[PDB]
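**Student:** One structure coming up, written as structure tokens, with questions to follow.
Take a look at the structure:
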């Protein structure tokens with residue numbers, strides 16, 4: 001951990017984004033929603049995550065499903081992309 005950095009400076013918009021897991025999706029989707037309402041409000045990733053991550057473990061396989069179907073496809077999509085890339 002102890003990264004404190006959302007992304008990087010050296011990165012081309014061409015290369016495929018690393019593989020994401022169902023969990024991540026839950027966190028991301030949650031963020032995008034926060035901006036939709038409070039676009040002009042700060043979001044302490046540190047705290048925001050503490051509430052999200054905890055909500056991921058407390059979730060039931062049924063709920064995670066929504067993020068399971070997506071992630072499951074996020075692994076096959078990226079894999080194929082790498083084939084063409086390198």
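Numbering (the deposited numbering), first residue to last: 1 to 86. Ideal Cβ positions, reconstructed from N, Cα and C, are used throughout, including at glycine.
Would you mind sorting residue 45 into buried or exposed? The rule is 16 or more other CB atoms within 10 Å of its CB.
**Tutor:** Here residue 45 is taken as the residue at index 45 of the chain shown, counted from 1. That one is exposed.
**Student:** Determine the contact status of residue 43 and residue 55, defining contact as a CB-CB distance below 8 Å.
**Tutor:** For the purposes of this step, residue 43 is identified with residue 43 of the chain shown, where counting begins at 1. For the purposes of this step, residue 55 is identified with residue 55 of the chain shown, where counting begins at 1. No, the Cβ-Cβ distance between residue 43 and residue 55 is not below 8 Å.
**Student:** Straight-line CA distance for residue 9 to residue 69?
**Tutor:** As a first step, residue 9 must be located in the chain shown, where it is residue number 9. As a first step, residue 69 must be located in the chain shown, where it is residue number 69. Going by the C-alpha atoms only, they are around 31 Å apart.
**Student:** Just mark residue 12 as buried or exposed, buried being the case when its beta carbon has 16 or more other beta carbons within 10 Å.
**Tutor:** Taking the chain shown and counting its residues from 1, the one referred to as residue 12 is at position 12. So residue 12 counts as exposed.
**Student:** I need the straight-line Cα distance from residue 41 to residue 29, nearest angstrom please.
**Tutor:** One-based indexing of the chain shown puts residue 41 at position 41. One-based indexing of the chain shown puts residue 29 at position 29. If I take the Cα positions, the gap works out to 17 Å.
**Student:** For a quick check, are the C-beta atoms of residue 39 and residue 82 less than 8 Å apart?
**Tutor:** Counting from one through the chain shown, the residue named residue 39 turns up at place 39. Counting from one through the chain shown, the residue named residue 82 turns up at place 82. The answer is no: Cβ separation not under 8 Å.
**Student:** Can you tell me whether residue 84 is buried or exposed, with buried defined as 16 or more other CB within 10 angstroms of its CB?
**Tutor:** By 1-based counting over the chain shown, the position of residue 84 is 84. With fewer than 16 other Cβ atoms within 10 Å, it is exposed.
**Student:** Assign residue 81 to one of three DSSP states: helix, strand, or coil.
**Tutor:** If you number the chain shown from 1, residue 81 lands on position 81. DSSP places residue 81 in helix when its eight states are reduced to three.
**Student:** Under DSSP, the alpha helix (DSSP H) around residue 27 begins and ends at which residues?
**Tutor:** The residue you call residue 27 lines up with position 27 of the chain shown. Its alpha helix (DSSP H) spans residues 22-37.
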